[PDB]
$ cat target.cif   # mmCIF, C-alpha atoms and all ligand atoms
data_entry
loop_
_atom_site.group_PDB
_atom_site.id
_atom_site.type_symbol
_atom_site.label_atom_id
_atom_site.label_comp_id
_atom_site.auth_asym_id
_atom_site.auth_seq_id
_atom_site.Cartn_x
_atom_site.Cartn_y
_atom_site.Cartn_z
ATOM 1 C CA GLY A 1 62.015 -192.189 61.881
ATOM 2 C CA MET A 2 62.873 -195.736 62.975
ATOM 3 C CA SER A 3 66.491 -195.291 64.123
ATOM 4 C CA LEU A 4 66.782 -193.563 67.516
ATOM 5 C CA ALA A 5 68.907 -190.854 65.909
ATOM 6 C CA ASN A 6 66.059 -190.186 63.485
ATOM 7 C CA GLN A 7 63.512 -190.301 66.272
ATOM 8 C CA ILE A 8 65.580 -187.850 68.311
ATOM 9 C CA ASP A 9 65.832 -185.550 65.275
ATOM 10 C CA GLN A 10 62.061 -185.700 64.676
ATOM 11 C CA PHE A 11 61.301 -185.067 68.340
ATOM 12 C CA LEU A 12 63.416 -181.878 68.386
ATOM 13 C CA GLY A 13 61.682 -180.812 65.169
ATOM 14 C CA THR A 14 58.338 -181.272 66.925
ATOM 15 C CA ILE A 15 59.434 -179.136 69.849
ATOM 16 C CA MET A 16 60.790 -176.439 67.560
ATOM 17 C CA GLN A 17 57.489 -176.092 65.670
ATOM 18 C CA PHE A 18 55.704 -175.992 69.050
ATOM 19 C CA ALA A 19 57.993 -173.314 70.493
ATOM 20 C CA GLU A 20 57.662 -171.122 67.400
ATOM 21 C CA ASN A 21 56.147 -167.794 68.457
ATOM 22 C CA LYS A 22 55.705 -168.874 72.083
ATOM 23 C CA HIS A 23 57.282 -167.255 75.159
ATOM 24 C CA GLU A 24 57.901 -170.492 77.074
ATOM 25 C CA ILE A 25 57.211 -174.211 76.614
ATOM 26 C CA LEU A 26 53.839 -174.792 78.256
ATOM 27 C CA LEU A 27 50.970 -177.206 77.695
ATOM 28 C CA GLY A 28 47.544 -175.631 77.519
ATOM 29 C CA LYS A 29 45.820 -172.463 76.380
ATOM 30 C CA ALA A 30 48.998 -170.381 76.482
ATOM 31 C CA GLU A 31 46.490 -168.090 78.181
ATOM 32 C CA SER A 32 49.164 -166.807 80.534
ATOM 33 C CA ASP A 33 49.139 -163.594 78.514
ATOM 34 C CA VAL A 34 51.943 -161.431 79.993
ATOM 35 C CA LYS A 35 55.501 -161.873 78.727
ATOM 36 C CA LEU A 36 58.191 -161.670 81.418
ATOM 37 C CA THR A 37 61.903 -162.489 81.438
ATOM 38 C CA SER A 38 62.741 -165.472 83.628
ATOM 39 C CA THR A 39 64.030 -163.169 86.368
ATOM 40 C CA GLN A 40 61.025 -160.885 86.292
ATOM 41 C CA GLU A 41 58.783 -163.928 86.331
ATOM 42 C CA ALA A 42 60.683 -165.560 89.190
ATOM 43 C CA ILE A 43 60.412 -162.334 91.173
ATOM 44 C CA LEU A 44 56.706 -162.076 90.377
ATOM 45 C CA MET A 45 56.184 -165.637 91.556
ATOM 46 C CA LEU A 46 58.371 -165.058 94.592
ATOM 47 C CA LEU A 47 56.449 -161.904 95.596
ATOM 48 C CA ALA A 48 53.184 -163.779 94.940
ATOM 49 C CA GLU A 49 54.143 -165.882 97.967
ATOM 50 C CA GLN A 50 55.819 -163.271 100.145
ATOM 51 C CA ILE A 51 56.571 -159.569 100.475
ATOM 52 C CA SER A 52 60.342 -159.108 100.427
ATOM 53 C CA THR A 53 63.331 -156.781 100.024
ATOM 54 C CA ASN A 54 65.925 -156.290 97.293
ATOM 55 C CA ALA A 55 68.563 -158.268 99.241
ATOM 56 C CA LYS A 56 66.112 -160.982 100.330
ATOM 57 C CA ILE A 57 65.160 -161.444 96.647
ATOM 58 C CA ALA A 58 68.783 -161.669 95.436
ATOM 59 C CA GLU A 59 69.512 -164.249 98.112
ATOM 60 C CA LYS A 60 66.395 -166.338 97.455
ATOM 61 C CA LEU A 61 67.000 -166.533 93.713
ATOM 62 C CA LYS A 62 70.810 -166.560 93.874
ATOM 63 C CA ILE A 63 71.287 -163.528 91.612
ATOM 64 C CA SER A 64 73.071 -160.177 91.892
ATOM 65 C CA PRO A 65 71.670 -156.883 93.190
ATOM 66 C CA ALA A 66 72.092 -155.476 89.662
ATOM 67 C CA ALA A 67 69.819 -158.182 88.295
ATOM 68 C CA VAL A 68 67.179 -157.812 90.987
ATOM 69 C CA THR A 69 67.200 -154.043 90.407
ATOM 70 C CA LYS A 70 66.723 -154.223 86.669
ATOM 71 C CA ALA A 71 63.882 -156.746 87.141
ATOM 72 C CA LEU A 72 62.078 -154.723 89.827
ATOM 73 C CA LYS A 73 62.283 -151.674 87.562
ATOM 74 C CA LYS A 74 60.507 -153.458 84.671
ATOM 75 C CA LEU A 75 57.872 -155.149 86.828
ATOM 76 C CA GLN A 76 57.095 -151.821 88.473
ATOM 77 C CA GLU A 77 56.835 -149.983 85.133
ATOM 78 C CA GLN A 78 54.212 -152.568 84.114
ATOM 79 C CA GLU A 79 52.353 -151.954 87.361
ATOM 80 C CA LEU A 80 52.716 -155.584 88.362
ATOM 81 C CA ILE A 81 54.482 -154.802 91.660
ATOM 82 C CA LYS A 82 54.625 -151.865 94.077
ATOM 83 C CA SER A 83 57.188 -150.651 96.622
ATOM 84 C CA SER A 84 56.406 -149.636 100.195
ATOM 85 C CA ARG A 85 58.448 -148.683 103.262
ATOM 86 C CA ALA A 86 59.235 -151.208 106.005
ATOM 87 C CA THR A 87 57.009 -150.352 108.983
ATOM 88 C CA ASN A 88 60.007 -150.879 111.284
ATOM 89 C CA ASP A 89 62.785 -149.080 109.359
ATOM 90 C CA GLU A 90 62.253 -146.108 107.029
ATOM 91 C CA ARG A 91 65.337 -147.063 105.027
ATOM 92 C CA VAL A 92 64.361 -150.549 103.837
ATOM 93 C CA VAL A 93 62.085 -150.977 100.817
ATOM 94 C CA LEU A 94 59.512 -153.755 100.579
ATOM 95 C CA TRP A 95 58.014 -155.074 97.357
ATOM 96 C CA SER A 96 54.708 -156.742 96.602
ATOM 97 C CA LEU A 97 52.195 -157.507 93.846
ATOM 98 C CA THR A 98 49.594 -155.048 92.637
ATOM 99 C CA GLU A 99 45.910 -156.041 92.773
ATOM 100 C CA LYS A 100 45.662 -156.727 89.075
ATOM 101 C CA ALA A 101 48.829 -158.863 89.259
ATOM 102 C CA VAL A 102 47.650 -161.293 91.962
ATOM 103 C CA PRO A 103 45.364 -163.311 89.626
ATOM 104 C CA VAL A 104 47.862 -162.957 86.765
ATOM 105 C CA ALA A 105 50.505 -164.677 88.895
ATOM 106 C CA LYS A 106 48.015 -167.352 89.966
ATOM 107 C CA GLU A 107 46.694 -168.174 86.526
ATOM 108 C CA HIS A 108 50.210 -168.386 85.120
ATOM 109 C CA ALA A 109 51.552 -170.522 87.935
ATOM 110 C CA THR A 110 48.707 -173.001 87.373
ATOM 111 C CA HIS A 111 49.758 -173.245 83.750
ATOM 112 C CA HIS A 112 53.286 -174.178 84.883
ATOM 113 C CA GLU A 113 51.843 -176.581 87.420
ATOM 114 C CA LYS A 114 49.693 -178.300 84.779
ATOM 115 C CA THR A 115 52.711 -178.607 82.499
ATOM 116 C CA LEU A 116 54.856 -180.070 85.255
ATOM 117 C CA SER A 117 52.200 -182.540 86.354
ATOM 118 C CA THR A 118 51.853 -183.888 82.813
ATOM 119 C CA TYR A 119 55.641 -184.587 82.802
ATOM 120 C CA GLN A 120 55.318 -186.152 86.242
ATOM 121 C CA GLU A 121 52.580 -188.471 84.997
ATOM 122 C CA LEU A 122 54.520 -189.586 81.986
ATOM 123 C CA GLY A 123 57.540 -190.134 84.212
ATOM 124 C CA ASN A 124 55.500 -192.255 86.643
ATOM 125 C CA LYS A 125 54.911 -194.824 83.888
ATOM 126 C CA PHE A 126 58.594 -195.742 84.061
ATOM 127 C CA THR A 127 60.360 -197.613 86.898
ATOM 128 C CA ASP A 128 63.273 -195.937 88.725
ATOM 129 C CA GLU A 129 65.866 -197.794 86.691
ATOM 130 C CA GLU A 130 64.141 -196.538 83.515
ATOM 131 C CA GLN A 131 63.890 -192.968 84.809
ATOM 132 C CA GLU A 132 67.628 -193.080 85.379
ATOM 133 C CA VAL A 133 68.225 -194.000 81.747
ATOM 134 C CA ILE A 134 65.929 -191.203 80.542
ATOM 135 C CA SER A 135 67.693 -188.817 82.923
ATOM 136 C CA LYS A 136 71.160 -189.725 81.650
ATOM 137 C CA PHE A 137 69.867 -189.417 78.090
ATOM 138 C CA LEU A 138 68.491 -185.922 78.787
ATOM 139 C CA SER A 139 71.669 -184.644 80.514
ATOM 140 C CA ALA A 140 73.877 -185.823 77.670
ATOM 141 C CA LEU A 141 71.584 -184.404 74.972
ATOM 142 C CA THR A 142 71.351 -181.177 77.000
ATOM 143 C CA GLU A 143 75.151 -180.865 76.771
ATOM 144 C CA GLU A 144 75.029 -180.878 72.969
ATOM 145 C CA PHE A 145 72.894 -177.783 72.969
ATOM 146 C CA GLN A 146 75.409 -175.294 74.395
ATOM 147 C CA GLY B 1 65.943 -179.815 88.573
ATOM 148 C CA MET B 2 66.195 -183.102 90.483
ATOM 149 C CA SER B 3 62.749 -184.608 89.802
ATOM 150 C CA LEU B 4 62.408 -186.026 86.273
ATOM 151 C CA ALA B 5 59.465 -183.701 85.666
ATOM 152 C CA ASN B 6 61.728 -180.767 86.507
ATOM 153 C CA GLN B 7 64.522 -182.172 84.387
ATOM 154 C CA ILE B 8 62.129 -182.625 81.470
ATOM 155 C CA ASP B 9 60.919 -179.032 81.916
ATOM 156 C CA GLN B 10 64.497 -177.691 81.991
ATOM 157 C CA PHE B 11 65.484 -179.725 78.943
ATOM 158 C CA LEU B 12 62.617 -178.282 76.860
ATOM 159 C CA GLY B 13 63.615 -174.819 78.086
ATOM 160 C CA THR B 14 67.142 -175.488 76.827
ATOM 161 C CA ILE B 15 65.867 -176.521 73.418
ATOM 162 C CA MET B 16 63.583 -173.507 73.196
ATOM 163 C CA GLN B 17 66.427 -171.043 73.850
ATOM 164 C CA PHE B 18 68.505 -172.940 71.259
ATOM 165 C CA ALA B 19 65.770 -172.878 68.612
ATOM 166 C CA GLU B 20 65.141 -169.157 69.105
ATOM 167 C CA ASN B 21 65.827 -167.386 65.806
ATOM 168 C CA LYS B 22 66.962 -170.574 64.056
ATOM 169 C CA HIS B 23 65.382 -172.175 60.973
ATOM 170 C CA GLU B 24 65.877 -175.792 62.072
ATOM 171 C CA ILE B 25 67.475 -177.656 64.986
ATOM 172 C CA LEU B 26 71.048 -178.312 63.889
ATOM 173 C CA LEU B 27 74.369 -178.689 65.676
ATOM 174 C CA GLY B 28 77.207 -176.641 64.259
ATOM 175 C CA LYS B 29 77.879 -173.334 62.551
ATOM 176 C CA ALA B 30 74.296 -172.922 61.353
ATOM 177 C CA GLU B 31 76.283 -172.013 58.247
ATOM 178 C CA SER B 32 73.660 -173.601 56.028
ATOM 179 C CA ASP B 33 72.590 -170.083 55.088
ATOM 180 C CA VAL B 34 69.505 -170.513 52.847
ATOM 181 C CA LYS B 35 66.070 -170.831 54.448
ATOM 182 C CA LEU B 36 63.758 -173.357 52.779
ATOM 183 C CA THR B 37 60.427 -174.885 53.790
ATOM 184 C CA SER B 38 60.677 -178.596 54.543
ATOM 185 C CA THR B 39 59.151 -179.441 51.162
ATOM 186 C CA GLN B 40 61.408 -177.124 49.215
ATOM 187 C CA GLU B 41 64.368 -178.502 51.120
ATOM 188 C CA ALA B 42 63.321 -182.113 50.566
ATOM 189 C CA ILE B 43 62.953 -181.406 46.854
ATOM 190 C CA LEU B 44 66.336 -179.681 46.778
ATOM 191 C CA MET B 45 67.922 -182.670 48.479
ATOM 192 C CA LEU B 46 66.031 -185.071 46.243
ATOM 193 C CA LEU B 47 67.148 -183.265 43.059
ATOM 194 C CA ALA B 48 70.694 -183.121 44.476
ATOM 195 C CA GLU B 49 70.691 -186.905 44.038
ATOM 196 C CA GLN B 50 68.647 -187.251 40.863
ATOM 197 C CA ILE B 51 66.981 -185.321 38.058
ATOM 198 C CA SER B 52 63.244 -185.996 38.200
ATOM 199 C CA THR B 53 59.717 -185.014 37.147
ATOM 200 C CA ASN B 54 56.785 -183.421 38.962
ATOM 201 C CA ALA B 55 55.017 -186.794 39.367
ATOM 202 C CA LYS B 56 58.212 -188.662 40.293
ATOM 203 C CA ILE B 57 58.815 -186.049 43.030
ATOM 204 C CA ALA B 58 55.267 -186.285 44.444
ATOM 205 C CA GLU B 59 55.570 -190.059 44.561
ATOM 206 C CA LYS B 60 59.032 -190.091 46.151
ATOM 207 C CA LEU B 61 58.066 -187.680 48.919
ATOM 208 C CA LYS B 62 54.447 -188.828 49.274
ATOM 209 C CA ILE B 63 52.918 -185.384 48.689
ATOM 210 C CA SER B 64 50.351 -183.918 46.291
ATOM 211 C CA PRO B 65 50.966 -182.373 42.866
ATOM 212 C CA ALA B 66 49.774 -179.043 44.310
ATOM 213 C CA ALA B 67 52.510 -179.182 46.929
ATOM 214 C CA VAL B 68 55.252 -180.183 44.514
ATOM 215 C CA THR B 69 54.159 -177.359 42.195
ATOM 216 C CA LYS B 70 54.226 -174.653 44.822
ATOM 217 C CA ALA B 71 57.672 -175.850 45.986
ATOM 218 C CA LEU B 72 59.173 -176.011 42.482
ATOM 219 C CA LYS B 73 57.900 -172.482 41.855
ATOM 220 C CA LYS B 74 59.735 -171.066 44.907
ATOM 221 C CA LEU B 75 62.960 -173.001 44.344
ATOM 222 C CA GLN B 76 63.008 -171.851 40.730
ATOM 223 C CA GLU B 77 62.377 -168.198 41.656
ATOM 224 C CA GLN B 78 65.456 -168.418 43.908
ATOM 225 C CA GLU B 79 67.451 -169.871 41.030
ATOM 226 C CA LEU B 80 68.188 -173.011 43.006
ATOM 227 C CA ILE B 81 66.676 -175.360 40.397
ATOM 228 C CA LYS B 82 66.040 -175.261 36.645
ATOM 229 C CA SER B 83 63.563 -177.003 34.332
ATOM 230 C CA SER B 84 64.459 -178.721 31.068
ATOM 231 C CA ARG B 85 62.611 -180.866 28.526
ATOM 232 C CA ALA B 86 62.852 -184.669 28.564
ATOM 233 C CA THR B 87 65.103 -185.675 25.652
ATOM 234 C CA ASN B 88 62.644 -188.470 24.812
ATOM 235 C CA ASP B 89 59.281 -186.672 25.155
ATOM 236 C CA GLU B 90 58.725 -182.949 24.542
ATOM 237 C CA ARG B 91 55.795 -182.938 26.959
ATOM 238 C CA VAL B 92 57.518 -184.050 30.170
ATOM 239 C CA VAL B 93 59.456 -181.540 32.276
ATOM 240 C CA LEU B 94 62.629 -182.460 34.140
ATOM 241 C CA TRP B 95 64.037 -180.582 37.116
ATOM 242 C CA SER B 96 67.556 -180.224 38.446
ATOM 243 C CA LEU B 97 69.841 -178.057 40.586
ATOM 244 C CA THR B 98 71.532 -174.918 39.334
ATOM 245 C CA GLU B 99 75.337 -174.671 39.526
ATOM 246 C CA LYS B 100 75.324 -172.377 42.517
ATOM 247 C CA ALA B 101 72.885 -174.720 44.302
ATOM 248 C CA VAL B 102 74.977 -177.909 44.069
ATOM 249 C CA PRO B 103 77.429 -176.907 46.852
ATOM 250 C CA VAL B 104 74.609 -175.283 48.844
ATOM 251 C CA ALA B 105 72.788 -178.624 48.939
ATOM 252 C CA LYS B 106 76.008 -180.444 49.844
ATOM 253 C CA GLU B 107 77.089 -178.137 52.632
ATOM 254 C CA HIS B 108 73.617 -178.196 54.157
ATOM 255 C CA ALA B 109 73.232 -181.950 53.931
ATOM 256 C CA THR B 110 76.547 -182.373 55.769
ATOM 257 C CA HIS B 111 75.183 -180.196 58.542
ATOM 258 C CA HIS B 112 72.189 -182.550 58.854
ATOM 259 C CA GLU B 113 74.507 -185.532 58.686
ATOM 260 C CA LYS B 114 76.713 -184.156 61.476
ATOM 261 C CA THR B 115 73.640 -183.512 63.608
ATOM 262 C CA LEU B 116 72.300 -187.006 63.032
ATOM 263 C CA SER B 117 75.629 -188.670 63.751
ATOM 264 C CA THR B 118 75.904 -186.888 67.101
ATOM 265 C CA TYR B 119 72.465 -188.336 68.056
ATOM 266 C CA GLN B 120 73.595 -191.731 66.797
ATOM 267 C CA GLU B 121 76.686 -191.588 68.999
ATOM 268 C CA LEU B 122 74.774 -190.648 72.086
ATOM 269 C CA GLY B 123 72.292 -193.408 71.315
ATOM 270 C CA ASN B 124 75.093 -195.974 70.945
ATOM 271 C CA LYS B 125 76.019 -195.474 74.609
ATOM 272 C CA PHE B 126 72.760 -197.167 75.584
ATOM 273 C CA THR B 127 71.902 -200.880 75.202
ATOM 274 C CA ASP B 128 68.882 -201.901 73.087
ATOM 275 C CA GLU B 129 66.657 -202.313 76.119
ATOM 276 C CA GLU B 130 67.602 -198.761 77.181
ATOM 277 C CA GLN B 131 67.042 -197.343 73.694
ATOM 278 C CA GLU B 132 63.563 -198.821 73.824
ATOM 279 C CA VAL B 133 62.811 -196.951 77.037
ATOM 280 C CA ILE B 134 64.121 -193.681 75.575
ATOM 281 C CA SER B 135 62.077 -194.341 72.435
ATOM 282 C CA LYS B 136 58.852 -194.928 74.365
ATOM 283 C CA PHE B 137 59.590 -191.820 76.424
ATOM 284 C CA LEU B 138 60.057 -189.719 73.266
ATOM 285 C CA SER B 139 56.879 -190.994 71.538
ATOM 286 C CA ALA B 140 54.748 -190.286 74.589
ATOM 287 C CA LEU B 141 56.246 -186.822 75.140
ATOM 288 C CA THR B 142 55.847 -186.158 71.400
ATOM 289 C CA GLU B 143 52.103 -186.806 71.778
ATOM 290 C CA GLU B 144 51.777 -184.041 74.369
ATOM 291 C CA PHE B 145 52.995 -181.491 71.888
ATOM 292 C CA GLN B 146 50.093 -181.597 69.414
HETATM 293 ZN ZN ZN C 1 55.988 -168.864 82.833
HETATM 294 ZN ZN ZN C 2 67.948 -178.393 56.740
#

$ encode --input "target.cif" --output "structure tokens" --more "lines below"
Ligand SMILES: [Zn+2]
Ligand SMILES: [Zn+2]
Amino acid sequence: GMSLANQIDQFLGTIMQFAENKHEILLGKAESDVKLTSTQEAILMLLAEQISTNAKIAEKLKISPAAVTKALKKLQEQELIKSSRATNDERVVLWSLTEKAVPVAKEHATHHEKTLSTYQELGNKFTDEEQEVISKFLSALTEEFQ
Amino acid sequence: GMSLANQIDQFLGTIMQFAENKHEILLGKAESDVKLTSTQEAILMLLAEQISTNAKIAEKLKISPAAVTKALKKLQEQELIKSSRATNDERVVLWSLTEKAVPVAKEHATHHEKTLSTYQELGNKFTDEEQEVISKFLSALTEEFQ
């Protein structure tokens, strides 16, 4: 609608219809089939880069042992990750991706990367002063939604 | 996140979580209980202001007779509107809200009005040049979502 208030309202409407029956907000095929919680997904992506421990994971993603534990449980049940014993210390447990998960992580990261780069490109059309205005607009509108 | 691309991505995430299991994007109680399609809702709101005909409705909301018809059917089944015969011409059918619907329309309009005024207030913090930037940002980002 022509007022900014109306435009803002229509834009949210557009996003709502787009998010309907989707797991995340992504641009593209939505061919990132598997449906993971944010934590599970962060862990998956984290392990896709490096083998790590329960405490290393909690640290890296600034979450509690409880949360890491619950997430590792689920990922393991879905055969996306697998535990193994630290070559140097029988007591410490290492985690990593299963074979079938490696490409699943890759394909789904790309999707995120394509979505981010589209936002980057749109952003690049605006000067720094303009990006600041957009930024202050998004923070303030973000506050209304909690 | 600090880049604008990351901020844009987080902002959409925020809206997605907010829209989850909601009918529309509204600020407030969500105590606008009844769930109507956009057309049904537009008709309800339209009839809340004025009694009108099938062809008057189609005109006003720029939609087809088929669409008006389907919408009137549903609204009537839910006892939100009621037909009556034009005092001046037995052939033309008038529509209007039922008693129980009058306050339902009012309460739900207010909700929309409160949501719009919040966007208006946020918008008023920005000069016209800044609102133009925001506007051009929203149009372009809107295009990505279709
Ligand atoms: Zn994802
Ligand atoms: Zn509504």

$ residues_near_ligand --input "target.cif" --ligand "ligand ZN 1 (chain C)" --cutoff "12 Å" --atoms "only C-alpha atoms and all ligand atoms" --output "PyMOL selection string"
(chain A and resi 22-27+30-45+104-116) or (chain B and resi 9+13)

$ residues_around --input "target.cif" --residues "residue 131 (chain A)" --least-positions-apart "3" --cutoff "10 Å" --atoms "only C-alpha atoms" --output "VMD selection string"
(chain A and resid 123 to 128 134 to 137) or (chain B and resid 3 to 4 133 to 134 137)

$ resolve_selection --input "target.cif" --expression "the PyMOL selection byres (((chain A and resi 97) around 10) and not hetatm)" --output "PyMOL selection string"
chain A and resi 43-51+75-76+79-83+95-96+98-105

$ axis_aligned_box --input "target.cif" --around "region 129-143 of chain B" --padding-each-side "3 Å" --output "JSON"
{"center_x": 59.9, "center_y": -194.2, "center_z": 74.3, "size_x": 21.5, "size_y": 22.2, "size_z": 11.8}

$ resolve_selection --input "target.cif" --expression "the PyMOL selection byres (((chain A and resi 16) around 8) and not hetatm)" --output "list in words"
residues 12, 13, 14, 15, 17, 18, 19 and 20 of chain A; 15, 16, 19, 24 and 25 of chain B

$ resolve_selection --input "target.cif" --expression "the PyMOL selection byres (((chain B and resi 85) around 12) and not hetatm)" --output "PDB file with C-alpha atoms, keeping the file's coordinate frame"
ATOM      1  CA  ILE B  51      66.981-185.321  38.058  1.00  0.00           C
ATOM      2  CA  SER B  52      63.244-185.996  38.200  1.00  0.00           C
ATOM      3  CA  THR B  53      59.717-185.014  37.147  1.00  0.00           C
ATOM      4  CA  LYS B  82      66.040-175.261  36.645  1.00  0.00           C
ATOM      5  CA  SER B  83      63.563-177.003  34.332  1.00  0.00           C
ATOM      6  CA  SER B  84      64.459-178.721  31.068  1.00  0.00           C
ATOM      7  CA  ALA B  86      62.852-184.669  28.564  1.00  0.00           C
ATOM      8  CA  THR B  87      65.103-185.675  25.652  1.00  0.00           C
ATOM      9  CA  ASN B  88      62.644-188.470  24.812  1.00  0.00           C
ATOM     10  CA  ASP B  89      59.281-186.672  25.155  1.00  0.00           C
ATOM     11  CA  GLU B  90      58.725-182.949  24.542  1.00  0.00           C
ATOM     12  CA  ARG B  91      55.795-182.938  26.959  1.00  0.00           C
ATOM     13  CA  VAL B  92      57.518-184.050  30.170  1.00  0.00           C
ATOM     14  CA  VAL B  93      59.456-181.540  32.276  1.00  0.00           C
ATOM     15  CA  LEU B  94      62.629-182.460  34.140  1.00  0.00           C
ATOM     16  CA  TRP B  95      64.037-180.582  37.116  1.00  0.00           C
ATOM     17  CA  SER B  96      67.556-180.224  38.446  1.00  0.00           C
TER      18      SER B  96
END

$ closest_residue --input "target.cif" --among "A:1, A:11, A:6, A:28" --to "residue 117 (chain B)" --atoms "only C-alpha atoms"
A:6

$ closest_residue --input "target.cif" --among "A:67, A:132, A:61, A:77" --to "chain B" --atoms "only C-alpha atoms"
A:132

$ closest_residue --input "target.cif" --among "B:57, B:146, B:119, B:63" --to "chain A" --atoms "all atoms listed in the file"
B:119

$ closest_residue --input "target.cif" --among "B:120, B:74, B:139, B:65" --to "chain A" --atoms "only C-alpha atoms"
B:120

$ atom_distance --input "target.cif" --atom1 "CA of residue 130 (chain B)" --atom2 "CA of residue 122 (chain A)"
16.7 Å

$ closest_residue --input "target.cif" --among "B:66, B:58, B:141, B:72" --to "chain A" --atoms "all atoms listed in the file"
B:141

$ atom_distance --input "target.cif" --atom1 "CA of residue 8 (chain B)" --atom2 "CA of residue 7 (chain A)"
17.1 Å

$ closest_residue --input "target.cif" --among "A:62, A:21, A:78, A:69" --to "chain B" --atoms "all atoms listed in the file"
A:21

$ atom_distance --input "target.cif" --atom1 "CA of residue 10 (chain B)" --atom2 "CA of residue 145 (chain A)"
12.3 Å
